[PDB]
Amino acid sequence: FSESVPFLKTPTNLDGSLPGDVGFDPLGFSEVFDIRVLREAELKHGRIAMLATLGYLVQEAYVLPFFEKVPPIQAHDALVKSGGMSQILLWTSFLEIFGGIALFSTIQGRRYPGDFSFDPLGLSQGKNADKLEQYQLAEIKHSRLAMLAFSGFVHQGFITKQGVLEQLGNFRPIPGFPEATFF
Amino acid sequence: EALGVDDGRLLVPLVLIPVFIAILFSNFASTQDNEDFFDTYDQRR
Amino acid sequence: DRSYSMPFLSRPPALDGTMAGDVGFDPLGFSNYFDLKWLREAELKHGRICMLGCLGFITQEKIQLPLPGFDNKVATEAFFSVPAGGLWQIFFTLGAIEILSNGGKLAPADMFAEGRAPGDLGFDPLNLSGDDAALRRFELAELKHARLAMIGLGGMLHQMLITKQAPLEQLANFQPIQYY
Amino acid sequence: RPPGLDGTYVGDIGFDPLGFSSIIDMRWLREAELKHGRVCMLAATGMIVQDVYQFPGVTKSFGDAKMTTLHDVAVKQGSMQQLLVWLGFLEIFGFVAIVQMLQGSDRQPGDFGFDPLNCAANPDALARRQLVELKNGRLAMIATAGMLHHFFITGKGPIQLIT
Amino acid sequence: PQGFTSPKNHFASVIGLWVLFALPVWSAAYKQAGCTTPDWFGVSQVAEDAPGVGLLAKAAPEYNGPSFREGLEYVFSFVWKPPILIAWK
Amino acid sequence: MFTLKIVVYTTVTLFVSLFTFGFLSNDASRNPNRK
Ligand code: CLA
Ligand code: CLA
Ligand code: KC2
Ligand code: KC2
Ligand SMILES: CC1=C(C#C/C(C)=C/C=C/C(C)=C/C=C/C=C(C)/C=C/C=C(\C)C#CC2=C(C)C[C@@H](O)CC2(C)C)C(C)(C)C[C@H](O)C1
Ligand SMILES: CC1=CCCC(C)(C)[C@H]1/C=C/C(C)=C/C=C/C(C)=C/C=C/C=C(C)/C=C/C=C(C)/C=C/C1=C(C)CCCC1(C)C
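Thresholds applied
Residues numbered from 1 in each chain as written, not as in the entry; some residues may be left out. Chains lettered and ligands numbered in written order. Part of a larger assembly, values for the part shown. Heavy atoms only, no water. Residues with missing side-chain atoms left out of burial classes, pairs and counts. Helix = DSSP H or I, 4+ residues; strand = E, 2+ residues; numbered from the N terminus. Buried < 20%, exposed > 50% of the residue type's maximum accessible area, 1.4 Å probe, protein only. Areas by Shrake-Rupley, 256 points an atom, 1.4 Å probe, with all protein chains shown as cover. Contact = heavy atoms within 4.5 Å. Buried area = accessible area lost by both parts, 1.4 Å probe. Salt bridge = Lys/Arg side-chain N within 4 Å of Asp/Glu carboxyl O. Near = heavy atom within 4 Å. Polar contact = N/O pair within 3.5 Å; in protein donor to acceptor, adjacent residues only side chain to side chain. Nonpolar A, V, L, I, M, F, W, Y, C, P; charged D, E, K, R; others polar. Core = buried A, V, L, I, M, F, W, Y, C linked by side-chain atoms within 4.5 Å. Axes fitted to C-alpha atoms, helices over the stretch in contact; angles between N-to-C directions. Parallel < 35°, antiparallel > 145°, perpendicular 65-115°, else oblique. Left-handed = near helix turned anticlockwise from the far one by under 90°. Patch = residues over 30% accessible without salt bridge, like charges linked within 9 Å, V, L, I, M, F, W, Y side chains within 5 Å. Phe/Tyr/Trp six-rings, centres within 6.5 Å; stacked < 30°, edge-to-face > 60°. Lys NZ or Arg CZ within 6 Å of the ring centre and 35° of its normal. UniProt positions renumbered as here; feature names shortened; annotations may be inferred. Arc of directions from axis to C-beta.

- Looking at the entry header, you'll see cryo-EM listed as the method and 2.57 Å as the resolution.

Focus: the overall build of chain F
- Within chain F, the regular secondary structure consists of one helix and zero strands.
- With respect to the three principal axes, the spread of C-alpha positions in chain F is 50 × 10 × 5 Å.
- Each of the 35 residues in chain F was classed as buried or not, and the buried ones make up 23%.
- About 2600 Å² of surface is accessible on chain F, with carbon and sulfur atoms providing 75% of the total.

Focus on the interface of chain E and chain C
- Chain E puts 33 residues into the contact, and the matching count from chain C is 37 residues.
- Carbon and sulfur atoms supply 65% of the area that chain E and chain C bury against each other, a total of about 3000 Å² over both sides.
- On the chain E side of the interface with chain C, the three residues burying the most area are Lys-58, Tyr-63 and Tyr-74 of chain E, jointly 19% of the side's total.
- Across the contact surface, chain E and chain C share one salt bridge.

Some words on the site of ligand 5
Residue and element names in this part refer to chain C.
- Taken together, 15 residues lie around ligand 5, and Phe-123, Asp-124, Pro-125, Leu-126 and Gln-159 are the ones closest in.
- Here an oxygen atom of ligand 5 and a backbone polar atom of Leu-126 are 2.9 Å apart.
- Here an oxygen atom of ligand 5 and a side-chain polar atom of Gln-159 are 2.9 Å apart.
- When isolated, ligand 5 has an accessible area of 1000 Å², and the protein chains bury 57% of it.
- Secondary structure elements with two or more residues in the shell around ligand 5: helix 2 (36-62), helix 5 (132-163) and helix 6 (167-171).
- At six residues, helix 5 tops the list of elements feeding residues into the shell around ligand 5.
- Residues that form the shell around ligand 5 fall into these classes: ten nonpolar, four polar and one charged.

What to know about the nonpolar core
- Residues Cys-50, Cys-54, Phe-57, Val-74, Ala-75, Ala-149, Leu-153, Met-156 and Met-160 of chain C constitute the largest nonpolar core, which totals nine residues.
- Contributing elements (two or more residues each) for this core: helix 2 and helix 5 of chain C.
- Residue contacts for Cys-50 of chain C: discarding those within four places in its chain leaves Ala-149, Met-150 and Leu-153 of chain C.
- In terms of nonpolar packing, the next biggest core, distinct from the first, is built from six residues, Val-5, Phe-7 and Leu-8 of chain A together with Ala-97 of chain D among them.

Comments concerning the site of ligand 3
All names here are of chain C.
- The environment of ligand 3 is formed by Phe-70, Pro-83, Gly-86, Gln-89, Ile-90 and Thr-93.
- Within the side chain of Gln-89, one N or O atom sits 2.5 Å away from a nitrogen atom of ligand 3.
- Partitioned by chemical class, the residues of the shell around ligand 3 number three nonpolar, three polar and no charged.

Digging into the packing of helix 2 (residues 35-61) of chain A against helix 4 (residues 84-107) of chain A
Residues and elements named next belong to chain A.
- Between helix 2 and helix 4, whose axes approach to 9 Å, the crossing angle comes to 155°. Between helix 2 and helix 4, the angle is such that the two are roughly antiparallel. Along this stretch, helix 2 crosses helix 4, giving a crossing that reads as right-handed. Residues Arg-36, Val-37, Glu-40 and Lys-44 of helix 2 form the contact with helix 4, whose participating residues are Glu-96, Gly-99, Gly-100, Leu-103, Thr-106 and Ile-107.
- Here the residues of the contact of helix 2 with helix 4 sort into three nonpolar, three polar and four charged.

What to know about a nonpolar patch on the surface
- A surface patch of nonpolar side chains, amounting to about 1000 Å² of accessible area, comprises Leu-27 and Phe-29 of chain A together with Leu-84, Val-85, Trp-86, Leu-87, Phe-89, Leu-90, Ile-92 and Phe-95 of chain D.
- If you tally residues by element for the nonpolar patch, the top one is helix 5 (residues 79-103) of chain D, at eight residues.
- Residue class for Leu-27 of chain A comes out partly exposed when judged on its relative accessible area of 37%.

Section: unusual backbone geometry
- The residue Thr-181 of chain A is not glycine, and still its phi comes out positive at about 55°.
- Relative to the assigned elements, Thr-181 of chain A resides in the segment after helix 6 (164-169).
- Note on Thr-181 of chain A: relative accessible area 48%, which makes it partly exposed.
- Here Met-67 of chain D, not a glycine, exhibits a phi torsion of approximately 60°, which is positive.
- Mapped onto the elements, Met-67 of chain D comes out in the loop between helix 3 (58-61) and helix 4 (68-77).

Comments concerning the interface of chain A and chain D
- Contacts between the two partners involve twelve residues from chain A and, on the opposite side, 16 residues from chain D.
- Of the residues contributing to the side of chain A that touches chain D, the split by class is ten nonpolar, one polar and one charged.

Considering the side chain of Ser-124 of chain A
- The topology assignment puts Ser-124 of chain A in the loop between helix 4 and helix 5 (132-160).
- Leaving out residues up to four positions away in the same chain, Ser-124 of chain A has contacts with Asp-119, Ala-129, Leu-132 and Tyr-135 of chain A.

Describing the packing of aromatic side chains
- What the rule picks out here adds up to 27 aromatic pairs over all chains.
- Judged by centre distance (5.1 Å) and plane angle (45°), the ring pair of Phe-66 of chain A and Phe-67 of chain A falls under tilted.
- What makes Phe-66 of chain A exposed here is its relative accessible area of 61%.
- Given the relative accessible area of 39%, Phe-67 of chain A is considered partly exposed.
- Where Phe-19 of chain F meets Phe-23 of chain F, the ring centres are 5.1 Å apart and the plane angle is 85°; that geometry is what we call edge-to-face. Within this pair, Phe-19 of chain F and its partner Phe-23 of chain F are both found in helix 1 (residues 2-23), separated by four residues, close to a single helical turn. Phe-23 of chain F shares its class with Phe-19 of chain F; the two are exposed.
- Aromatic rings pair up to connect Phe-30, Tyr-33 and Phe-34 of chain C together with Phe-68, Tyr-74 and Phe-78 of chain E into one cluster.
- Directly above the aromatic system of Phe-116 of chain A lies the positively charged group of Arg-111 of chain A, at a separation of 4.9 Å from the ring centroid.

Here's the deal with the environment of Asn-102 of chain C
All names here are of chain C.
- Relative to the helices and strands, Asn-102 is located in helix 4 (residues 84-102).
- On the accessibility criterion, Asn-102 (6% relative accessible area) is buried.
- Along the backbone, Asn-102 and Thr-163 are 61 residues apart, and their C-alpha atoms lie at a distance of 39 Å.
- Contact partners of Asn-102, with chain neighbours within four places excluded, come to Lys-45, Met-111, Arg-116 and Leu-121.

Quick look at the UniProt feature "transmembrane region" in chain F
- In this structure's numbering, the residues bearing the UniProt feature "transmembrane region" are residues 6-25 of chain F.
- Measuring from the first to the last C-alpha atom of residues 6-25 of chain F gives 28 Å, for a span that is 90% helix and 0% strand.

Concerning helix 4 of chain D
Residues and elements named next belong to chain D.
- Here helix 4 has its buried residues at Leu-70, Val-73 and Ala-74. Taken end-on, helix 4 shows its buried residues confined to a sector of 95°, consistent with a single buried face.
- Where helix 4 is buried, its residues contact helix 5.
- Taken from the residues just after helix 4, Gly-78 is the one with a positive phi, measuring 145°.

As structure tokens, this is what we get:
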């Protein structure tokens, strides 16, 4: 049976080859599509989610002196009409063209999924390769965690009209519900 | 305006009739040999 | 020998147990005078359109697009509230889909000239037809849902025409027909 | 004995006046029976308890409320939405388990692996407990139906009839 | 901002590029692994001998029978020549 | 007046479609020298 789900079987083409494989694939996504393409998608989603979570925290905590102090959703809305979001979209798309080229290289075997050889510092490149797999595991875990955490953040911001640090400091219930009186 | 179409119902004959005839024409078109011939006109019919 | 659907009428000559959904129900000799592949293709097309139509009847009552003119609870009135250009875009898109699926073979003389099976348009993103018994049971389920959706769409459309009320909306505050 | 009803399943006394087991897979039928029984056990226990405790803050939120009226108030509040979405999340993997069981695996109907207390160590104890679970679940189905229809006729809970 | 300089059009262009790239990337991923698993097959709780289940999937009878025009004439003969009165002979 | 307009539009569309699809049906092949 599967390690993560006791009452399910190991999802066929799902073993220790990819980092963080606890056998969790109840729906046969790894069988409808290639597992390496799905890992590339997962790494892209998780890295963007980690950056988004850190950005949410810092933007709620701090703002640059040349940017209006607004909630992050209001920041997206304000900079869409300001052109900064257009700049971010342009440069991200320019990088992601080569990212898609790398993904097409991944499809025909060759390079590892989500691997861009990006290593400005000497971390698991040389003299530390024995930790690399460990790092990989950590990475995807953080990825997955971020992919949840940011989500909760924004939806909590949608329901309480409070920042995540504001909700932590003042954990009042869902607005209008303490009064209750539904009958 | 447009094709003298001041009422939307006028678009029903202008589309359904050309399509229906086309469907009939399709039964002709599928029957014919649709390969190149390199001639002034196609004698295959 | 007997139909087993109407045990007083004998089995139709062209209705063998090969085709899915076959319980021997053909009191009028349509299968004797029309191609069974064409009949099955027409039945599946009508039923699939009706399944989508019933889902739309429920959803449009439940959810509407924020575009102007798209906010009508009653689907029959929603047809006339939506701009006609969009409906003609839908019609042309569906016609293109039909032509591409049949490959120009839109007549009963040529639609199954290459075979292609009745109702098999090649739409199967998930390989759920690998098992033969599973495929046969799925075909029976599809036919049953198709016929049920045809009847249900007819009922919902006529009741919407009468009451000017959406189906789930009409289920509450029933207000029998003589009230209108 | 009804056709298609072998003795390999626990709780079998050859009871099948209508040939449901002749047209529907017995694995699906037993999975549905166990799920209905467990849901009915939880439902009957909850309907009994809700006439006694009612929790700290539910009293000022829902007023008094009872049974179908409690469902009507709670769907408007939001507890029912949360329960529905979370049990649907669980039932997605339940659907996966049913599909894997029908496709052919070591899984058996009702075997979700939920044995945290290791009460299934003794095999004969588990064999007895399967029948115990089945019969208590069937009794729970009957009792939940009875409580629901008694509330329909009188508007009283399971304890308001007793007390 | 309007047209090719509007940020909404930039977002729409990015979405369109995603849609255009969806077919090659995910089609190739499907070609590598396309539910071609021995355990991958549909399941139905209904018994395979239930009434209405066909003997063979996707049946294509030959139909060496009457033409379409004869069928239409038969359907018209339903309404101008039904077998109602031939019983009283 | 609308019913007359829709009848005229139906008739004109039918005849124009017949003309158009008839001259699309390989009209050049309909000559006595075609083999
Ligand atoms: C390196 C190339 C480059 C260049 C030339 C620009 C140019 C511009 N960006 Mg930036 N941008 C870039 C890359 C670049 N972008 C990248 C990679 C990102 C992350 C995805 C962004 C994210 C970004 C945001 C979020 C915003 C801009 C904005 C702007 C515009 C306003 C300029 C400004 O603030 O006043 C002049 C600039 C200053 C006063 C800041 C000091 C700059 C110093 C003096 C120059 C240092 C060298 C410079 C960075 C050039 C680097 C390359 C060089 C070393 C070869 C301007 C057209 C803003 C906009 O749209 O306008 C409203 C805006 O909000 N950009
Ligand atoms: C450009 C548009 C276009 C084109 C070219 C096609 C092309 C085609 N469609 Mg159509 N279709 C389209 C758009 C289009 N579709 C759209 C937008 C819809 C709605 C979603 C449909 C719905 C549809 C259905 C439901 C069916 C087709 C069928 C067909 C095929 C046969 C066409 C034929 O001979 O009918 C020529 C036209 C007719 C024969 C007239 C229709 C017959 C009337 C309506 C029957 C009335 C029965 C009556 C009410 C019941 C008696 C009641 C009793 C009391 C007496 C062909 C491939 C049929 C098919 O594949 O058959 C195997 C089929 O069954 N299509
Ligand atoms: C799935 C079927 C379908 C397809 C395949 C399809 C493709 C395209 C393409 C080709 C890629 C373009 C370029 C395009 C453009 C527009 N479509 Mg669209 N379209 C489809 C369906 C609908 C519906 C149902 C509506 C609609 C609309 C508009 C308007 C608004 C006009 C305006 O601004 O008023 C514009 C510009 C609305 C409408 O025309 O209202 C008057 C409306 O109801 N469309 N559409
Ligand atoms: C985990 C056990 C537990 C469960 C399962 C549970 C379920 C529900 C439901 C579910 C249907 C509703 C709707 C509901 C509503 C309220 N709860 Mg309650 N609740 C639980 C525990 C506590 C505690 C420990 C407290 C508390 C309170 C309130 C208040 C406060 C304002 C008010 O009184 O107006 C309201 C509205 C606080 C309090 O002030 O209680 C008098 C407080 O300390 N609850 N509670
Ligand atoms: C094939 C394909 C796939 C697929 C797929 C899809 C798209 C499946 C979708 C299936 C759907 C939407 C089926 C819908 C059926 C709707 C019905 C039967 C409605 C009945 C209404 C009734 C009975 C009624 C009524 C009413 C009446 C009349 C009047 C009212 O007073 C009362 C009432 C409301 C009761 C996928 C991608 C998954 C995978 C694959 O590789 C290939
Ligand atoms: C007006 C309008 C609205 C919006 C604009 C629009 C699109 C232009 C237009 C729509 C027009 C449209 C799309 C109109 C569509 C109208 C439809 C779909 C009418 C279908 C009616 C179905 C019937 C009568 C089936 C009844 C089943 C029976 C009797 C079953 C019998 C059974 C059998 C044989 C088996 C044995 C058991 C029993 C139960 C006995």
